[PDB]
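A short write-up of the structure that comes next.
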Amino acid sequence: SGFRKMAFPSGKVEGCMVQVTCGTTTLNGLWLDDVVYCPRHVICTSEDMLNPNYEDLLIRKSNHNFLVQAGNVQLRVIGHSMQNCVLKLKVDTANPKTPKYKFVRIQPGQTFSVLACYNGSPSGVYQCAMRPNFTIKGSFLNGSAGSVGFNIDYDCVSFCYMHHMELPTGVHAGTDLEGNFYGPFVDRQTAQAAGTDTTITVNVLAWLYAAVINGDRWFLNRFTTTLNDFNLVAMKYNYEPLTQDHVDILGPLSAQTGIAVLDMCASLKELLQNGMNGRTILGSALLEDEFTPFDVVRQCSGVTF
Amino acid sequence: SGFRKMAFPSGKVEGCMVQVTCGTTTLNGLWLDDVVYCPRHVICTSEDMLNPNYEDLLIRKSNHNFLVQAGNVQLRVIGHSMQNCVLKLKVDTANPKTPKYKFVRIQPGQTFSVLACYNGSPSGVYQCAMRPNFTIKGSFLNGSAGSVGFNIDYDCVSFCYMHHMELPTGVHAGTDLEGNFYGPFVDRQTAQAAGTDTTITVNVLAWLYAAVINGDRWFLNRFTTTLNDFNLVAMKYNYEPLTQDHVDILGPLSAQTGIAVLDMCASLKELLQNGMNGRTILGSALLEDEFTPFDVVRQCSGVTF
Amino acid sequence: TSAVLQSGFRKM
Amino acid sequence: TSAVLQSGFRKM
């Protein structure tokens, strides 16, 4: 019994984190095979980050301008190139701890584990979701750039996020491991605002199924609803629309608990209008939307890696 | 900015997790040097779990009765002994992934990361706290026994918890790495029950300081309180009493924020009386009590491992 | 209610 | 208020 916000084991990712330093600018890098990946703003000085010209800044740098430290060992940089907002540093040594991995760009509403790192050393891991506005509500300080987010699919590490910057609201923005930004953001120190954030509706329902599995049943009711009726109420409360694919994906939890998805939606509609009746669900007074349906199946069935 | 329920990177513990099987009973083991630590009830079968005589059951056991598997390699057991409720199996090979480690016993209110495992394989990592009733609110299924709780402050892994069993309310009980149970619980499947759980007050105050550090101030007020008056209020909400030691513990956070401890206590009294009234504190509508003052300074000031 | 020792079952 | 590229400073 019990339900916690579980992150993936970070051992395979920990063995890939290195430190990259260009001048006095330092951050974290991802050492996979014979290439180190890191945010391109490592070539920026403090005065450069207002309106950087990365194409020009990088052209003034050579391989010797990059200090890559993997622990107490410096990796010789034998090449450098820019792919979108990520810098690729070719080193003369393949990482012996390179795991089975791939680069995957994730969809908003999906979850992943963040391995926050400072000076190339992992310091903490936490589970989070990619918000519908393509921000991450993470915990990041200066020097945390280059920290990576990942999933573990079967036995393969799926790198999906690399940290770059913090937005003025305190939320965070980054790219995939191919350098493509999540959301309408650019890596420079200017005024930037994220779009209106909504609630990942399918995740709330999956989380409500996890509560039923753990014995929380008070929010259930005799009523059902329709997708159109729910979506009309959901959009008024800044909730993402529920699709037929969301319903099908919730199928395993619908059959295991004996509560149809539209029946759960009726409970969710009620919780949006009348609140939570002064009660809690799974030890929370909010509607938690950082558990995907597969996250609930994973935790409740004990899937290992 | 931002505040997350951060666990420690689990890699150093993953390299020590093995599967221990005795007869038909299987659980997880902790492989450090040439010793494997596991819960002693691995030697019970189905009908020796109500009132087992562990000293007697172990005497009937031989080295070849313990199947220890580190991945796909079967470890050869050359000795076995029992220390309280933990079993110690001597193998002929020292774990090459053995980290610099330590065995510590913690007090209620202390936090640690849990690496939930099944059949010797990691399933997930999450953060949790030793509740005042000496239980933990984990996420554990059958086969999760042997999973360990730990902290990795600085370079050393401090093992503080080994999981054993689940109590009727869905909370969990276990021992330290010397086999000594936390609380008055025993590794028998007899009728057991946790006492009334209370809120860790010093942790709530530390988490309110973390909110102030992160820029939240709407919950502060112009009032102060005496320690006795705050305590007389706190017990009315099943909060743990605040001792003078706890007041000293919150000293550095009080100095960093410029808000006296008893000042923060007055705002805690108001929050208990009012609720949050549609607002959230660091992304929660409940007062979080699983962050120690040490955790707050760790996540907000300097993070490294 | 009885406590539950959370070991697992394994076929021999 | 401007966004912050969360690299670090390292005295060399």
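Each chain of the structure tokens is named A, B, ... in the order shown, its residues numbered from 1; ligands are numbered from 1 in display order.
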Mind fitting chain C to chain D by least squares on all Cα atoms in order and giving back the moved coordinates as an mmCIF file with N, CA and C atoms, in the first residue's frame?
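Saved the output as part11.cif:
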```
data_model
loop_
_atom_site.group_PDB
_atom_site.id
_atom_site.type_symbol
_atom_site.label_atom_id
_atom_site.label_comp_id
_atom_site.auth_asym_id
_atom_site.auth_seq_id
_atom_site.Cartn_x
_atom_site.Cartn_y
_atom_site.Cartn_z
ATOM 1 N N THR C 1 10.414 40.982 -15.882
ATOM 2 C CA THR C 1 11.615 40.492 -15.216
ATOM 3 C C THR C 1 12.431 39.610 -16.158
ATOM 4 N N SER C 2 13.752 39.737 -16.076
ATOM 5 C CA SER C 2 14.637 38.979 -16.947
ATOM 6 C C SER C 2 14.661 37.506 -16.556
ATOM 7 N N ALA C 3 14.758 36.641 -17.560
ATOM 8 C CA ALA C 3 15.060 35.244 -17.302
ATOM 9 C C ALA C 3 16.501 35.112 -16.816
ATOM 10 N N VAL C 4 16.788 33.990 -16.164
ATOM 11 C CA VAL C 4 18.100 33.737 -15.578
ATOM 12 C C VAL C 4 18.627 32.430 -16.148
ATOM 13 N N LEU C 5 19.699 32.513 -16.933
ATOM 14 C CA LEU C 5 20.398 31.317 -17.382
ATOM 15 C C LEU C 5 21.174 30.732 -16.209
ATOM 16 N N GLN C 6 20.854 29.496 -15.837
ATOM 17 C CA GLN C 6 21.334 28.942 -14.571
ATOM 18 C C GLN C 6 22.651 28.189 -14.723
ATOM 19 N N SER C 7 23.611 28.828 -15.384
ATOM 20 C CA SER C 7 24.988 28.376 -15.324
ATOM 21 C C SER C 7 25.610 28.807 -13.998
ATOM 22 N N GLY C 8 26.808 28.295 -13.727
ATOM 23 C CA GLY C 8 27.502 28.641 -12.502
ATOM 24 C C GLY C 8 28.806 29.373 -12.739
ATOM 25 N N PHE C 9 29.323 30.022 -11.700
ATOM 26 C CA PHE C 9 30.598 30.722 -11.764
ATOM 27 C C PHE C 9 31.698 29.847 -11.178
ATOM 28 N N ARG C 10 32.865 29.866 -11.818
ATOM 29 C CA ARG C 10 34.006 29.079 -11.373
ATOM 30 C C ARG C 10 35.266 29.925 -11.456
ATOM 31 N N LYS C 11 36.015 29.977 -10.357
ATOM 32 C CA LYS C 11 37.249 30.749 -10.325
ATOM 33 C C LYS C 11 38.295 30.121 -11.238
ATOM 34 N N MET C 12 38.982 30.966 -12.001
ATOM 35 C CA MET C 12 39.996 30.504 -12.941
ATOM 36 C C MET C 12 41.351 30.342 -12.259
#
```
Skip residue 94 (chain A) itself and residues of its chain fewer than 5 positions away, then list as a PyMOL selection string all residues within 10 Å of it, counting only C-alpha atoms. chain A and resi 31-36+75
Requested write-out: C-alpha atoms of the selected residues, as a PDB file, in the first residue's frame:
```pdb
ATOM      1  CA  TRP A  31      28.876  12.329 -21.406  1.00  0.00           C
ATOM      2  CA  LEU A  32      27.560   9.674 -23.804  1.00  0.00           C
ATOM      3  CA  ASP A  33      29.979   7.564 -25.872  1.00  0.00           C
ATOM      4  CA  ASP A  34      32.699  10.031 -27.016  1.00  0.00           C
ATOM      5  CA  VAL A  35      30.519  13.179 -26.970  1.00  0.00           C
ATOM      6  CA  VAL A  36      29.641  15.546 -24.112  1.00  0.00           C
ATOM      7  CA  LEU A  75      38.712  14.743 -20.903  1.00  0.00           C
TER       8      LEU A  75
END
```
Going by DSSP on the backbone, which residues of chain C come out as strand (DSSP E)? List them as a PDB file with N, CA, C and O atoms, in the first residue's frame.
```pdb
ATOM      1  N   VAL C   4       1.784  -7.483   8.029  1.00  0.00           N
ATOM      2  CA  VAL C   4       2.139  -8.261   6.848  1.00  0.00           C
ATOM      3  C   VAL C   4       3.631  -8.097   6.606  1.00  0.00           C
ATOM      4  O   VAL C   4       4.095  -6.999   6.274  1.00  0.00           O
ATOM      5  N   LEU C   5       4.382  -9.185   6.765  1.00  0.00           N
ATOM      6  CA  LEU C   5       5.787  -9.192   6.382  1.00  0.00           C
ATOM      7  C   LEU C   5       5.882  -9.222   4.862  1.00  0.00           C
ATOM      8  O   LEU C   5       5.396 -10.160   4.222  1.00  0.00           O
ATOM      9  N   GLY C   8       8.451 -11.832  -0.654  1.00  0.00           N
ATOM     10  CA  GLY C   8       7.781 -12.296  -1.853  1.00  0.00           C
ATOM     11  C   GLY C   8       7.829 -13.800  -2.022  1.00  0.00           C
ATOM     12  O   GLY C   8       8.638 -14.479  -1.382  1.00  0.00           O
ATOM     13  N   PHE C   9       6.965 -14.332  -2.881  1.00  0.00           N
ATOM     14  CA  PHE C   9       6.933 -15.755  -3.187  1.00  0.00           C
ATOM     15  C   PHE C   9       7.683 -16.021  -4.486  1.00  0.00           C
ATOM     16  O   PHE C   9       7.577 -15.251  -5.445  1.00  0.00           O
TER      17      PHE C   9
END
```
Those of region 51-119 of chain B in DSSP helix (DSSP H, G or I), formatted as a ChimeraX atom specification: /B:54-59,63-65
Could you please take those selected residues and save N, CA, C and O atoms as a PDB file, in the first residue's frame?
```pdb
ATOM      1  N   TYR B  54      13.226 -17.332  15.600  1.00  0.00           N
ATOM      2  CA  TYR B  54      14.237 -17.063  14.582  1.00  0.00           C
ATOM      3  C   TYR B  54      15.562 -17.739  14.910  1.00  0.00           C
ATOM      4  O   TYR B  54      16.216 -18.293  14.018  1.00  0.00           O
ATOM      5  N   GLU B  55      15.982 -17.697  16.178  1.00  0.00           N
ATOM      6  CA  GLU B  55      17.198 -18.405  16.563  1.00  0.00           C
ATOM      7  C   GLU B  55      17.094 -19.882  16.213  1.00  0.00           C
ATOM      8  O   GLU B  55      18.044 -20.474  15.688  1.00  0.00           O
ATOM      9  N   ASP B  56      15.930 -20.485  16.463  1.00  0.00           N
ATOM     10  CA  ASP B  56      15.742 -21.894  16.142  1.00  0.00           C
ATOM     11  C   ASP B  56      15.697 -22.122  14.637  1.00  0.00           C
ATOM     12  O   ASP B  56      16.281 -23.089  14.134  1.00  0.00           O
ATOM     13  N   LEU B  57      15.006 -21.247  13.900  1.00  0.00           N
ATOM     14  CA  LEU B  57      14.907 -21.421  12.455  1.00  0.00           C
ATOM     15  C   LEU B  57      16.264 -21.261  11.782  1.00  0.00           C
ATOM     16  O   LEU B  57      16.575 -21.976  10.822  1.00  0.00           O
ATOM     17  N   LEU B  58      17.085 -20.330  12.270  1.00  0.00           N
ATOM     18  CA  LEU B  58      18.397 -20.119  11.666  1.00  0.00           C
ATOM     19  C   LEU B  58      19.328 -21.297  11.931  1.00  0.00           C
ATOM     20  O   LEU B  58      20.138 -21.657  11.069  1.00  0.00           O
ATOM     21  N   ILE B  59      19.231 -21.907  13.116  1.00  0.00           N
ATOM     22  CA  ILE B  59      20.075 -23.058  13.432  1.00  0.00           C
ATOM     23  C   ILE B  59      19.800 -24.203  12.464  1.00  0.00           C
ATOM     24  O   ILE B  59      20.713 -24.944  12.077  1.00  0.00           O
ATOM     25  N   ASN B  63      24.305 -22.995   4.799  1.00  0.00           N
ATOM     26  CA  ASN B  63      24.745 -21.969   3.857  1.00  0.00           C
ATOM     27  C   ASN B  63      24.105 -22.154   2.487  1.00  0.00           C
ATOM     28  O   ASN B  63      23.705 -21.176   1.844  1.00  0.00           O
ATOM     29  N   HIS B  64      23.993 -23.402   2.026  1.00  0.00           N
ATOM     30  CA  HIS B  64      23.430 -23.666   0.708  1.00  0.00           C
ATOM     31  C   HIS B  64      21.925 -23.440   0.650  1.00  0.00           C
ATOM     32  O   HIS B  64      21.347 -23.515  -0.440  1.00  0.00           O
ATOM     33  N   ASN B  65      21.278 -23.161   1.782  1.00  0.00           N
ATOM     34  CA  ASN B  65      19.853 -22.861   1.783  1.00  0.00           C
ATOM     35  C   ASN B  65      19.550 -21.424   1.380  1.00  0.00           C
ATOM     36  O   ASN B  65      18.372 -21.073   1.247  1.00  0.00           O
TER      37      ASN B  65
END
```
Considering only C-alpha atoms, return as a PyMOL selection string whatever protein or nucleic-acid residues lie within 12 Å of region 227-236 of chain A, sequence-local ones (same chain, fewer than 3 positions apart) excluded. chain A and resi 197-202+204+224+239-247+261-273
When you get a sec, could you note down which chain A residues fall within 8 Å of chain D, using only C-alpha atoms, as a PyMOL selection string? chain A and resi 21+23-27+41-42+49+140-145+164-168+187-192
Can I get the selected residues back with N, CA, C and O atoms, as an mmCIF file, in the first residue's frame?
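File written: out_19.cif
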```cif
data_model
loop_
_atom_site.group_PDB
_atom_site.id
_atom_site.type_symbol
_atom_site.label_atom_id
_atom_site.label_comp_id
_atom_site.auth_asym_id
_atom_site.auth_seq_id
_atom_site.Cartn_x
_atom_site.Cartn_y
_atom_site.Cartn_z
ATOM 1 N N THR A 21 33.448 23.609 -18.373
ATOM 2 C CA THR A 21 33.804 24.967 -17.989
ATOM 3 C C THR A 21 34.420 25.680 -19.180
ATOM 4 O O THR A 21 35.350 25.162 -19.808
ATOM 5 N N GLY A 23 35.928 29.402 -19.717
ATOM 6 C CA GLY A 23 36.239 30.612 -18.973
ATOM 7 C C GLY A 23 35.838 30.430 -17.524
ATOM 8 O O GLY A 23 36.191 29.436 -16.881
ATOM 9 N N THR A 24 35.086 31.393 -16.996
ATOM 10 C CA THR A 24 34.519 31.288 -15.660
ATOM 11 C C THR A 24 33.090 30.766 -15.671
ATOM 12 O O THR A 24 32.490 30.615 -14.603
ATOM 13 N N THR A 25 32.532 30.495 -16.849
ATOM 14 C CA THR A 25 31.192 29.938 -16.975
ATOM 15 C C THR A 25 31.284 28.419 -16.907
ATOM 16 O O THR A 25 31.978 27.798 -17.720
ATOM 17 N N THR A 26 30.589 27.825 -15.941
ATOM 18 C CA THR A 26 30.602 26.383 -15.754
ATOM 19 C C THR A 26 29.180 25.868 -15.589
ATOM 20 O O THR A 26 28.290 26.579 -15.112
ATOM 21 N N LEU A 27 28.983 24.619 -15.994
ATOM 22 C CA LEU A 27 27.696 23.942 -15.885
ATOM 23 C C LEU A 27 27.934 22.442 -16.028
ATOM 24 O O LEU A 27 29.077 21.972 -15.995
ATOM 25 N N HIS A 41 24.949 27.964 -23.888
ATOM 26 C CA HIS A 41 25.327 29.225 -23.248
ATOM 27 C C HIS A 41 26.525 29.081 -22.305
ATOM 28 O O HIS A 41 26.831 30.036 -21.580
ATOM 29 N N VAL A 42 27.206 27.931 -22.304
ATOM 30 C CA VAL A 42 28.447 27.795 -21.552
ATOM 31 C C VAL A 42 29.548 28.673 -22.136
ATOM 32 O O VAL A 42 30.493 29.035 -21.425
ATOM 33 N N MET A 49 25.033 37.290 -22.083
ATOM 34 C CA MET A 49 23.738 36.624 -21.999
ATOM 35 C C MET A 49 22.545 37.557 -22.172
ATOM 36 O O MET A 49 21.407 37.078 -22.129
ATOM 37 N N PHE A 140 15.857 24.359 -9.106
ATOM 38 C CA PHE A 140 17.125 24.595 -9.778
ATOM 39 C C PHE A 140 17.752 25.882 -9.266
ATOM 40 O O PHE A 140 17.060 26.885 -9.072
ATOM 41 N N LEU A 141 19.062 25.845 -9.056
ATOM 42 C CA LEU A 141 19.854 27.006 -8.678
ATOM 43 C C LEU A 141 20.911 27.257 -9.751
ATOM 44 O O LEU A 141 21.010 26.523 -10.737
ATOM 45 N N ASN A 142 21.702 28.310 -9.556
ATOM 46 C CA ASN A 142 22.790 28.593 -10.482
ATOM 47 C C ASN A 142 23.793 27.448 -10.479
ATOM 48 O O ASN A 142 24.146 26.909 -9.427
ATOM 49 N N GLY A 143 24.248 27.072 -11.672
ATOM 50 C CA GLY A 143 25.101 25.919 -11.836
ATOM 51 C C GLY A 143 24.367 24.627 -12.119
ATOM 52 O O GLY A 143 25.020 23.608 -12.379
ATOM 53 N N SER A 144 23.033 24.634 -12.080
ATOM 54 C CA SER A 144 22.249 23.439 -12.366
ATOM 55 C C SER A 144 21.991 23.238 -13.852
ATOM 56 O O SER A 144 21.429 22.203 -14.228
ATOM 57 N N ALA A 145 22.370 24.194 -14.697
ATOM 58 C CA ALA A 145 22.203 24.024 -16.133
ATOM 59 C C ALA A 145 22.985 22.807 -16.607
ATOM 60 O O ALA A 145 24.087 22.528 -16.127
ATOM 61 N N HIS A 164 18.229 24.483 -18.875
ATOM 62 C CA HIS A 164 18.915 25.679 -19.351
ATOM 63 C C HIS A 164 18.721 26.867 -18.418
ATOM 64 O O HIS A 164 19.707 27.407 -17.906
ATOM 65 N N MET A 165 17.483 27.292 -18.177
ATOM 66 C CA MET A 165 17.229 28.596 -17.583
ATOM 67 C C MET A 165 16.045 28.528 -16.630
ATOM 68 O O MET A 165 15.312 27.537 -16.574
ATOM 69 N N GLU A 166 15.860 29.614 -15.883
ATOM 70 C CA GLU A 166 14.723 29.793 -14.992
ATOM 71 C C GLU A 166 13.948 31.028 -15.424
ATOM 72 O O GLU A 166 14.543 32.082 -15.671
ATOM 73 N N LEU A 167 12.629 30.895 -15.517
ATOM 74 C CA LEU A 167 11.774 32.000 -15.918
ATOM 75 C C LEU A 167 11.459 32.894 -14.721
ATOM 76 O O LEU A 167 11.579 32.469 -13.570
ATOM 77 N N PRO A 168 11.061 34.148 -14.967
ATOM 78 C CA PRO A 168 10.826 35.076 -13.845
ATOM 79 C C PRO A 168 9.796 34.595 -12.837
ATOM 80 O O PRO A 168 9.853 35.004 -11.670
ATOM 81 N N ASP A 187 17.209 31.020 -25.125
ATOM 82 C CA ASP A 187 18.241 31.000 -24.088
ATOM 83 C C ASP A 187 18.986 32.333 -24.094
ATOM 84 O O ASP A 187 20.076 32.482 -24.651
ATOM 85 N N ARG A 188 18.368 33.320 -23.452
ATOM 86 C CA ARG A 188 19.007 34.599 -23.181
ATOM 87 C C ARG A 188 18.296 35.234 -21.997
ATOM 88 O O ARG A 188 17.163 34.873 -21.665
ATOM 89 N N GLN A 189 18.980 36.183 -21.358
ATOM 90 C CA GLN A 189 18.493 36.775 -20.111
ATOM 91 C C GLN A 189 17.675 38.021 -20.437
ATOM 92 O O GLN A 189 18.110 39.162 -20.269
ATOM 93 N N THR A 190 16.457 37.780 -20.916
ATOM 94 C CA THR A 190 15.497 38.826 -21.226
ATOM 95 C C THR A 190 14.164 38.482 -20.577
ATOM 96 O O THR A 190 13.966 37.381 -20.054
ATOM 97 N N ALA A 191 13.244 39.443 -20.612
ATOM 98 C CA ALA A 191 11.906 39.222 -20.082
ATOM 99 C C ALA A 191 11.185 38.185 -20.934
ATOM 100 O O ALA A 191 11.025 38.368 -22.145
ATOM 101 N N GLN A 192 10.765 37.091 -20.305
ATOM 102 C CA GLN A 192 10.064 36.016 -20.994
ATOM 103 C C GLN A 192 8.973 35.481 -20.083
ATOM 104 O O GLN A 192 9.221 35.210 -18.905
#
```
If I take CA of residue 53 (chain A) and CA of residue 186 (chain A), how far is one from the other in Å, to one decimal? 12.0 Å
When the cut-off is 6 Å and we count only C-alpha atoms, which residues of chain B are near chain A, given as an mmCIF file with N, CA, C and O atoms, in the first residue's frame?
```cif
data_model
loop_
_atom_site.group_PDB
_atom_site.id
_atom_site.type_symbol
_atom_site.label_atom_id
_atom_site.label_comp_id
_atom_site.auth_asym_id
_atom_site.auth_seq_id
_atom_site.Cartn_x
_atom_site.Cartn_y
_atom_site.Cartn_z
ATOM 1 N N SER B 1 15.374 28.895 -7.917
ATOM 2 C CA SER B 1 14.091 28.927 -7.223
ATOM 3 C C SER B 1 13.382 27.585 -7.333
ATOM 4 O O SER B 1 13.855 26.678 -8.020
ATOM 5 N N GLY B 2 12.246 27.471 -6.662
ATOM 6 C CA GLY B 2 11.495 26.226 -6.660
ATOM 7 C C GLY B 2 11.895 25.316 -5.517
ATOM 8 O O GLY B 2 13.023 25.336 -5.025
ATOM 9 N N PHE B 3 10.939 24.499 -5.081
ATOM 10 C CA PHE B 3 11.163 23.568 -3.984
ATOM 11 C C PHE B 3 10.489 22.247 -4.310
ATOM 12 O O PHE B 3 9.291 22.215 -4.606
ATOM 13 N N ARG B 4 11.259 21.164 -4.248
ATOM 14 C CA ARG B 4 10.783 19.842 -4.623
ATOM 15 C C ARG B 4 11.160 18.831 -3.552
ATOM 16 O O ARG B 4 12.159 18.992 -2.845
ATOM 17 N N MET B 6 12.993 16.300 -2.910
ATOM 18 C CA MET B 6 14.181 15.761 -3.557
ATOM 19 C C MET B 6 14.724 14.559 -2.798
ATOM 20 O O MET B 6 14.934 14.626 -1.583
ATOM 21 N N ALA B 7 14.952 13.469 -3.519
ATOM 22 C CA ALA B 7 15.664 12.315 -2.998
ATOM 23 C C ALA B 7 17.121 12.368 -3.439
ATOM 24 O O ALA B 7 17.488 13.087 -4.372
ATOM 25 N N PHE B 8 17.953 11.603 -2.748
ATOM 26 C CA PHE B 8 19.349 11.534 -3.138
ATOM 27 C C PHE B 8 19.509 10.651 -4.372
ATOM 28 O O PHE B 8 18.712 9.733 -4.593
ATOM 29 N N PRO B 9 20.515 10.922 -5.203
ATOM 30 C CA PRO B 9 20.801 10.023 -6.328
ATOM 31 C C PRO B 9 21.066 8.609 -5.830
ATOM 32 O O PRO B 9 21.903 8.386 -4.951
ATOM 33 N N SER B 10 20.337 7.652 -6.397
ATOM 34 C CA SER B 10 20.254 6.299 -5.862
ATOM 35 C C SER B 10 21.326 5.358 -6.396
ATOM 36 O O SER B 10 21.314 4.174 -6.040
ATOM 37 N N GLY B 11 22.251 5.848 -7.222
ATOM 38 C CA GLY B 11 23.183 4.955 -7.894
ATOM 39 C C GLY B 11 24.056 4.158 -6.942
ATOM 40 O O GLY B 11 24.276 2.961 -7.144
ATOM 41 N N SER B 121 15.906 -5.845 -7.887
ATOM 42 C CA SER B 121 15.986 -4.837 -8.929
ATOM 43 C C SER B 121 15.291 -3.556 -8.488
ATOM 44 O O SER B 121 14.203 -3.610 -7.904
ATOM 45 N N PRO B 122 15.891 -2.396 -8.749
ATOM 46 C CA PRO B 122 15.262 -1.135 -8.341
ATOM 47 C C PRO B 122 13.975 -0.879 -9.110
ATOM 48 O O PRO B 122 13.893 -1.104 -10.320
ATOM 49 N N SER B 123 12.960 -0.407 -8.389
ATOM 50 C CA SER B 123 11.685 -0.032 -8.985
ATOM 51 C C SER B 123 11.427 1.466 -8.965
ATOM 52 O O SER B 123 10.733 1.973 -9.849
ATOM 53 N N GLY B 124 11.972 2.180 -7.990
ATOM 54 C CA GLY B 124 11.781 3.615 -7.911
ATOM 55 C C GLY B 124 12.431 4.154 -6.656
ATOM 56 O O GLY B 124 12.753 3.408 -5.724
ATOM 57 N N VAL B 125 12.621 5.471 -6.651
ATOM 58 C CA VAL B 125 13.233 6.171 -5.528
ATOM 59 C C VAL B 125 12.298 7.291 -5.090
ATOM 60 O O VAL B 125 11.736 8.002 -5.930
ATOM 61 N N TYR B 126 12.108 7.429 -3.778
ATOM 62 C CA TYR B 126 11.271 8.498 -3.251
ATOM 63 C C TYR B 126 11.788 8.933 -1.888
ATOM 64 O O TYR B 126 12.541 8.216 -1.224
ATOM 65 N N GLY B 138 5.435 4.884 3.225
ATOM 66 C CA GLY B 138 6.101 4.498 2.003
ATOM 67 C C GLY B 138 5.138 3.979 0.955
ATOM 68 O O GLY B 138 3.915 4.047 1.089
ATOM 69 N N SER B 139 5.720 3.461 -0.122
ATOM 70 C CA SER B 139 4.980 2.798 -1.193
ATOM 71 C C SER B 139 5.637 1.434 -1.373
ATOM 72 O O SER B 139 6.670 1.322 -2.042
ATOM 73 N N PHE B 140 5.048 0.406 -0.764
ATOM 74 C CA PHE B 140 5.660 -0.913 -0.694
ATOM 75 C C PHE B 140 4.627 -1.988 -0.990
ATOM 76 O O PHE B 140 3.498 -1.932 -0.494
ATOM 77 N N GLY B 170 -1.740 0.795 6.228
ATOM 78 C CA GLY B 170 -0.970 1.012 5.023
ATOM 79 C C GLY B 170 0.368 1.686 5.233
ATOM 80 O O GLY B 170 1.087 1.913 4.251
ATOM 81 N N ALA B 285 -1.403 22.470 -0.835
ATOM 82 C CA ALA B 285 -2.485 23.036 -0.043
ATOM 83 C C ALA B 285 -2.507 22.500 1.381
ATOM 84 O O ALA B 285 -3.411 22.847 2.148
ATOM 85 N N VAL B 303 23.842 22.649 -2.998
ATOM 86 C CA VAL B 303 23.514 21.254 -3.272
ATOM 87 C C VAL B 303 24.696 20.610 -3.984
ATOM 88 O O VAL B 303 25.194 21.144 -4.983
ATOM 89 N N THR B 304 25.139 19.465 -3.468
ATOM 90 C CA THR B 304 26.290 18.730 -3.981
ATOM 91 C C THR B 304 26.374 17.406 -3.237
ATOM 92 O O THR B 304 25.841 17.265 -2.133
ATOM 93 N N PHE B 305 27.037 16.437 -3.857
ATOM 94 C CA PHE B 305 27.157 15.115 -3.257
ATOM 95 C C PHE B 305 28.382 14.393 -3.810
ATOM 96 O O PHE B 305 29.516 14.754 -3.501
#
```
